[PDB]
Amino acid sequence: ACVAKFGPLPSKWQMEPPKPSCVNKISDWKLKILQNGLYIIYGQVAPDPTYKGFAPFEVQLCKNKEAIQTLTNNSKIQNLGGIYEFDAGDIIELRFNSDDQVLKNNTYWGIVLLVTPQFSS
């Protein structure tokens, strides 16, 4: 298999196998797809109920800097999930309207390679 998870802090990128064929970590919360195919994304976003800043609550799962999912409920932990066809070179990341509006010690996301069809490239 090929799976990866970022977080929750203090854990960073956890890849199985450690140098997987399907993805490459770029930086915290961000990876690059290496293998064309169908991927399942999962995750958990934990709002900080004591947030004291300016930003509306919003967490975005992004593909090449564009939000493919947006989570906007600040009252509960929200789970995310999806199935997507990705191309080699696609950049996938979880982005926060403010770092301070989530509990990073209870927030994570990951990815599982499901299949690699010829039609995905």
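Start at 1 with the first residue shown and count on from there.
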Q: Mind pulling up the entry and telling me whether 88-96 or 22-30 has the higher mean Cα temperature factor?
A: 22-30
Q: Would you mind comparing 39-47 and 70-78 for me and telling me which has the higher average C-alpha temperature factor in the entry?
A: 70-78
Q. Should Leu114 be placed in the lowest, middle or highest third of its chain by the C-alpha B factor in the entry?
A. middle
Q.
Taking only the Cα B-factors deposited for this chain, tell me whether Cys2 sits in the lowest, middle or highest third.
A. highest
Q) With respect to C-alpha B-factor, does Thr107 fall in the lowest, middle or highest third of the chain as deposited? A) lowest
